[PDB]
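To find a chain, count down the sequence lines: A is the first, B the second, and so on, and within it residues start at 1.
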Amino acid sequence: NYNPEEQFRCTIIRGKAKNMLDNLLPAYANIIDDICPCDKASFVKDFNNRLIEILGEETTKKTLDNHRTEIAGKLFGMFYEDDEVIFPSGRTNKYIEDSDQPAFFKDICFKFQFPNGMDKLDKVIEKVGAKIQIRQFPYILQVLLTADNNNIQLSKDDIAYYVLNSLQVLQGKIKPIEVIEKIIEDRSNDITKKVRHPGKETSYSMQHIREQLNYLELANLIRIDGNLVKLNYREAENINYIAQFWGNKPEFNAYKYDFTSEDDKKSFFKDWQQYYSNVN
DNA sequence: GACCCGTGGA
DNA sequence: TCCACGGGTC
């Protein structure tokens, strides 16, 4: 039944901190820890004024704002808002205590899901309309385990086409063994599949897929070795613990919100941040 | 009257 | 090839 030909582009936020992460993650965390708790006006000012010291004086305000909202706020879940005040998140609070970068990204991978409240509303509505519901990192790990069970290695293009851009997989309808069987079948017929979009550049098609893999690698659970994606079995216990959730519905239920209600829209994004960034 | 993603330096 | 600036488009 599994048909990967049903393709669906499903993004995550585009990164800004990979190259300089070892400097930027402490900066984000220390800025937030230092200036919070504070009101939103003070947060916006003081965060940008601190970050520009790190990124460089030519950095535009728009870039500073985008770091704050897209990466420190949404993708890395490092602060949240409650009662007009901005606070350091539980994830930040932990990192401030232990400086454990792999654990930071393991938590991100554990909690990530589609749909989520990182996306713009029109994209959320698109993903909900497509009945997307997946914990993608548990799923990827089980797919990699199953590939190893079967003595094959998967490429980034395999993960892209058959998992992270496959509608049926993103819908939570497919078992990892079905994916591996299909990949083995296509290979035997000399079929190599890649994600393609007409007239679009490779970043459009693949950057969010490569960057999802980057965060799994920063969590120390995989290695991207050239074209191939390989488990790090020095973390076999963690790999198996997280993989167990491959078939679980997302912990955060996007489907109980009425996105025509202004109150439910507000609740949705707030509730998402609480789930993703804090301890529950 | 803030994520998305074209675009190009690294 | 990788990935992030900053303009593009609740």
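Checking the phosphate oxygens (OP1, OP2) of C:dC2, a side-chain nitrogen or oxygen of A:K156 falls inside 4.0 Å. Between A:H67 and the phosphate of C:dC5, there is a side-chain N or O to OP1/OP2 separation shorter than 4.0 Å. Proximity of A:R14 to the phosphate of C:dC5: no side-chain N or O atom is located under 4.0 Å from OP1 or OP2. Within the structure, a side-chain polar atom (N or O) of A:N19 is placed less than 4.0 Å from OP1 or OP2 of C:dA4. For the pair A:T63 and C:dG6, the criterion of a side-chain N or O lying under 4.0 Å from OP1 or OP2 is met.
Classification of the A:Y162-A:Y2 ring pair by plane angle, with boundaries at 30° and 60°, yields tilted. Ring planes of A:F259 and A:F268: perpendicular class, angle over 60° (limits at 30 and 60°). Using cut-offs of 30° and 60° on the angle between ring planes, the pair A:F47 and A:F43 is tilted.
In this structure, A:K74 reaches the sugar-phosphate backbone alone: every heavy-atom distance under 4.0 Å involves primed, P, OP1 or OP2 atoms, never a base. Among the heavy atoms of the strands, none lies under 4.0 Å from A:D65. When heavy atoms are screened at a 4.0 angstrom cut-off, A:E201 is found touching base atoms of the nucleic acid. Using a 4.0 Å heavy-atom cutoff across all strands shown, A:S203 reaches at least one base atom of the nucleic acid. The residue A:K16 sits close to a base: some heavy atom pair falls under 4.0 Å.
With both pairing distances under 3.5 Å, B:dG1 is matched to nothing as a Watson-Crick or G-U wobble pair.
Here the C1' atom of nucleotide C:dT9 and the CD1 atom of A:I125 are 16 Å apart, to the nearest Å.
Comparing A:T69 and A:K200 along DNA chain B, the residue whose closest nucleotide (by nearest heavy atom) sits nearer the 5' end is A:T69.
For A:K62, the groove within side-chain reach, using a distance under 5.0 Å to base N or O atoms, is identified as the major groove.
In this structure, A:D186 does not pair ionically with A:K193, as no charged nitrogen and carboxylate oxygen lie closer than 4.0 Å.
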